[PDB]
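What follows is a short report on a single structure.
No lab work stands behind these numbers, since they all come straight from the coordinates. Note that we place each Cβ from the backbone using ideal geometry, even for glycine, and neighbour counts take in every protein chain shown.
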Amino acid sequence: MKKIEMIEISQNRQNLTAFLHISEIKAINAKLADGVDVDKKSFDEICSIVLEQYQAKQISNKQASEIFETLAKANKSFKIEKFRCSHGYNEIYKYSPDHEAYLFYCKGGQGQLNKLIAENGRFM
Amino acid sequence: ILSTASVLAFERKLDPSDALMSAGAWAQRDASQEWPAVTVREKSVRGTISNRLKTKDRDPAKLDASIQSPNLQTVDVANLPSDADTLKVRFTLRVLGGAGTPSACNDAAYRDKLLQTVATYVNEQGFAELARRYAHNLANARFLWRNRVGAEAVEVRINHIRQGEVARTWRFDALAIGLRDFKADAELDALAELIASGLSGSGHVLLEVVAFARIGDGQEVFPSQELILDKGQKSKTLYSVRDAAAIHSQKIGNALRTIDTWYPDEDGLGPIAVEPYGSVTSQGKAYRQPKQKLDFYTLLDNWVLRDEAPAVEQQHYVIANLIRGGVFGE
Amino acid sequence: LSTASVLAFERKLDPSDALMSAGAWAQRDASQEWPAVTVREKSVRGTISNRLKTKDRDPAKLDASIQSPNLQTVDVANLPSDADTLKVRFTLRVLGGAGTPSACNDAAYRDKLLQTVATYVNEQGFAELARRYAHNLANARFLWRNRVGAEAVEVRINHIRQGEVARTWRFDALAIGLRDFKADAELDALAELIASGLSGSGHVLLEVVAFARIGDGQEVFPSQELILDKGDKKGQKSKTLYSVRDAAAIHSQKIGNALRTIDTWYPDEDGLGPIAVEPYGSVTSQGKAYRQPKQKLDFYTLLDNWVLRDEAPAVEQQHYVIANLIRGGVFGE
Amino acid sequence: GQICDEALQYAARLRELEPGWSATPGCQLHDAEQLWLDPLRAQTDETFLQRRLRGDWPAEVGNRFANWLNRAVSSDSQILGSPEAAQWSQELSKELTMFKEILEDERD
RNA sequence: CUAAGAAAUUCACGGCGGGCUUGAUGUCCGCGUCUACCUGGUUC
């Protein structure tokens, strides 16, 4: 796993507490350092600790890949993105929470999508 | 050096129309040409609060103060008459042919190899496998989505029109033919060969499809419903053509291409509509995942670019969503 | 194993809109060409009787209210002056396939739900729900305010196989109660028929006619439409009635609410009588909710107990879950 | 309190400024605003024209304005379940309570 | 007994020649609107 996929898998999910079975808790504890510990924790802080350990030249890439694989199996809820681009047909749709669907917003591609993402924010 | 073009588009084959609904009596379905139409009316509806409320705010005060609030809704409803018990649904369908040729392309080598691949497919095996499944989805009444469930009898009449006159008639019994199997009859194979000749450019076919369903006197039919953008305010509206309830053409086109049973998840669930990353909207999930190698966008450019032809049952899927149309590429 | 984010259940036992007509008794066996009742217009001058703020000082708000003329225009449905009965006719069909959802996300959740309903049908039949549905058909409870004060009402039920009549049932709806669910010697045949329809072994189409002897020119009560403010002082500004293209009629959801008044297993009282099957089973004419989540007899809580963690509830109230899965609706988060 | 006065001045200068007021589109429905924020009698003043809006009770307009004001001030179980939504409704009630006395001294 | 007291902006004018916007699509599930009434306004 690349580190770009690590920050991607850290930011696109919700923050959940008690989302792990105890077997996966000791499985993750077998794959982390000696000093730090996670118990009764939420998602973000775990992402911050493993990102700080991977920023350090102390934790390997296969081990952080096992950590992020386990976080990938565990978390099942995603954040709904605010904008969605239909790519061949050159259209941009915006999420409306009252219709529970995406309604038509404008015409454009990837540059216009990045522009409204930088102007309004990526997630809901 | 060989790669996928930037813009690549395909027009659709099997263009259907809308299906207008009409109402009459059974055993007068032979003279079913002056029957009146099923109209859309409106009515009012109120009801209690019955959704799963959040447990962070669940007290008897809110649950007894939410009852007295008055909820008034205006809905669109379409029924049968009180003296008629048969719903008639009629549309037309024409298949075109020329399926492997794009409508727009950028590379000059990519289209000359795509045409060669599709012509090699047609030379190895005709359109005789896809056409019997399309004729199967016409033979039963899968285009009646919710009007088919619980009906007493369904009957389908298919005419082939080659002038201002009919040339060949078919009659089927849509409940004897299942929604699960694809078995071959002798009367179904004539229609399969007809729409196989239409898909190959070797003729011009135009079919007129009528379906009769017996549900009961004054019962409720289910046309297609529209989208409303926004105290008695309307919350549901139904699609209509001039003074008549109708079904959209894309819904019948979706009910026609429920073809593929080669997806790796199951085969007892039954057929699925041909889509890339083959996905059912009512089920919520997506078969044919890109982590597996049974996509359209993986089998297509393994077949064309790297000359790795897939299995014979998986070439029908690629040809089926080339017949479907759309914009591929980048 | 969690619950599915979407869950939709289609409706079984769907009726039509009941149409109304008028004739005479000792001619009700030839009641196929009876003229249908029309919605007529009349005027009403309104006298103020509303509870104002108590201890009002002046007669400038009360004796001046009389000199201000109120003008109302109302819709009314009346019997003719040579007819003394009311015929209400509708049809009904029961489908089957009750525990199968129309739409759900989770694939491992419906694998639990379908086998839960499967072992329910294997243990107990559909007969207990079916005999009370047949009881509500047998009394004229779908006549809401036309049933009161009537000297004699009766119910005909025809089972329709093709364009013909397969079986006829004739009842007396005042000889059987609106309060008790007790066994009969002919109603059990209707119960077995609609239970076979509910279980999937065949299709069932019933036609229900109800005659009510009221009086020579009385007033009947069809459904009432939600009126908009696009009318003048005259032009149905006060009360409009539902009429399907020819004649006055009752909505289909009113008869559907009158047919699922089946449950008597709510712990409020043992003498209050049956109510309609709802989640947080409530009454609108009474204003009171029952089956709150403070208690544990609420549909969502015991459904999640039964399906997820195998807490099989009491058998006498296990019919409540199937009775509001037959009803259909939008469940899930 | 400022939003009430802007609507009062807009009703006083908008309909009162233009010297014309014809029949509204859909007079069975467009007559509440045409009666409340409408001018006096004109050349088309019939028999039941100068004896309808000046003789009738001009007190439904306050509840009609409160029904418009209820949409702007959002209410739900987050405010109605708390004790601040009650004061937020009582402030609008004390504001619209003068809407029938200050907005009802013209005809009656 | 007023940041008081005072004042002509004018004459003329050619916007214009060309053009392929396209290709696909499942809006779905459920519902109790009830109770009352003298127009003997002056429908001039």
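Cβ-Cβ distances below 6 Å connect the following pairs, each with a first residue in the stretch D:13-41 that is farther than 19 Å from C:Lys234 by Cα, a second residue that is of a type in the set (S, T, N, Q), and a separation of six or more residues or different chains: D:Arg41/D:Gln50. Of the residues making up the stretch D:1-28, those that are part of a loop (DSSP other than H, G, I, E, B) and within 19 Å of D:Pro58 (Cβ to Cβ) are D:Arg15, D:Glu16, D:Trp21, D:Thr24, D:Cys27.
Among all residues of the stretch B:6-13, there is none that is in a loop (DSSP other than H, G, I, E, B), out of contact with any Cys (no Cβ under 8 Å at 6 or more places or on another chain) and closer than 27 Å to B:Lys236 by Cα. The residues of the stretch C:265-277 that are more than 10 Å from chain B (Cβ to nearest Cβ) and surrounded by 18 or more Cβ atoms within 10 Å (Cβ to Cβ), listed by number, are C:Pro274, C:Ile275, C:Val277. Across the stretch C:230-252, the number of residues qualifying as within 9 Å of RNA strand E (Cβ to nearest atom), part of a loop (DSSP other than H, G, I, E, B) and facing chain B (nearest Cβ under 9 Å) comes to 2.
Name the residues in the stretch C:115-132 that are assigned to a helix (DSSP H, G or I) and under 26 Å from C:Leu205 (Cα atoms), would you? Result: C:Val117, C:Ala118, C:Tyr120, C:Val121, C:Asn122, C:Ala127, C:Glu128, C:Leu129, C:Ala130, C:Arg131, C:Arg132. The single residue among C:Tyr280, C:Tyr300 that is part of a loop (DSSP other than H, G, I, E, B) and within 14 Å of chain B (Cβ to nearest Cβ) turns out to be C:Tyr280. If I ask for residues that are closer than 20 Å to C:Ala140 by Cα, part of a loop (DSSP other than H, G, I, E, B) and over 19 Å from the mean Cα position of the chain (by Cα), which ones from the stretch C:175-229 would you list? Scanning the stretch C:175-229 gives C:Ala175, C:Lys182, C:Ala183, C:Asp184, C:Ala185, C:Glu186, C:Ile214, C:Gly215, C:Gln218. Quick check, is C:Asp29 closer than 30 Å to C:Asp188 by Cβ and either more than 14 Å from chain B (Cβ to nearest Cβ) or basic (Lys, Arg) (or both)? It is true that C:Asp29 is closer than 30 Å to C:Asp188 by Cβ and either more than 14 Å from chain B (Cβ to nearest Cβ) or basic (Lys, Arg) (or both).
Away from chain B (no Cβ under 14 Å) and among the hydrophobic types (A, V, I, L, M, F, W, C): is that true of C:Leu86 in this structure? The answer is yes for C:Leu86. Yes or no: A:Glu119 within 16 Å of RNA strand E (Cβ to nearest atom), at negative phi and of a type in the set (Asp, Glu)? Here the answer is no, as A:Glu119 does not meet what is asked. You will find that of C:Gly271, C:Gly256, C:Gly281, the residue that is near RNA strand E (Cβ under 8 Å from one of its atoms) and over 30 Å from D:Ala32 (Cα atoms) is C:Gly256 and no other. Looking at this structure, is C:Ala195 more than 16 Å from RNA strand E (Cβ to nearest atom), surrounded by fewer than 19 Cβ atoms within 10 Å (Cβ to Cβ) and over 30 Å from D:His30 (Cβ atoms)? So C:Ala195 does not fit the description; no. Within the stretch C:48-91, the set of residues being among the polar types (S, T, N, Q), within 16 Å of RNA strand E (Cβ to nearest atom), under 34 Å from the mean Cα position of the chain (by Cα) and in a loop (DSSP other than H, G, I, E, B) comprises C:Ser49, C:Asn50. Among the residues here, B:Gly98 qualifies as within 16 Å of RNA strand E (Cβ to nearest atom), loosely packed, with under 15 Cβ neighbours inside 10 Å, within 33 Å of the chain's Cα centre (by Cα) and in a loop (DSSP other than H, G, I, E, B).
Counting the residues of the stretch B:14-31 that are assigned to a strand (DSSP E or B) and within 12 Å of RNA strand E (Cβ to nearest atom) gives 3.
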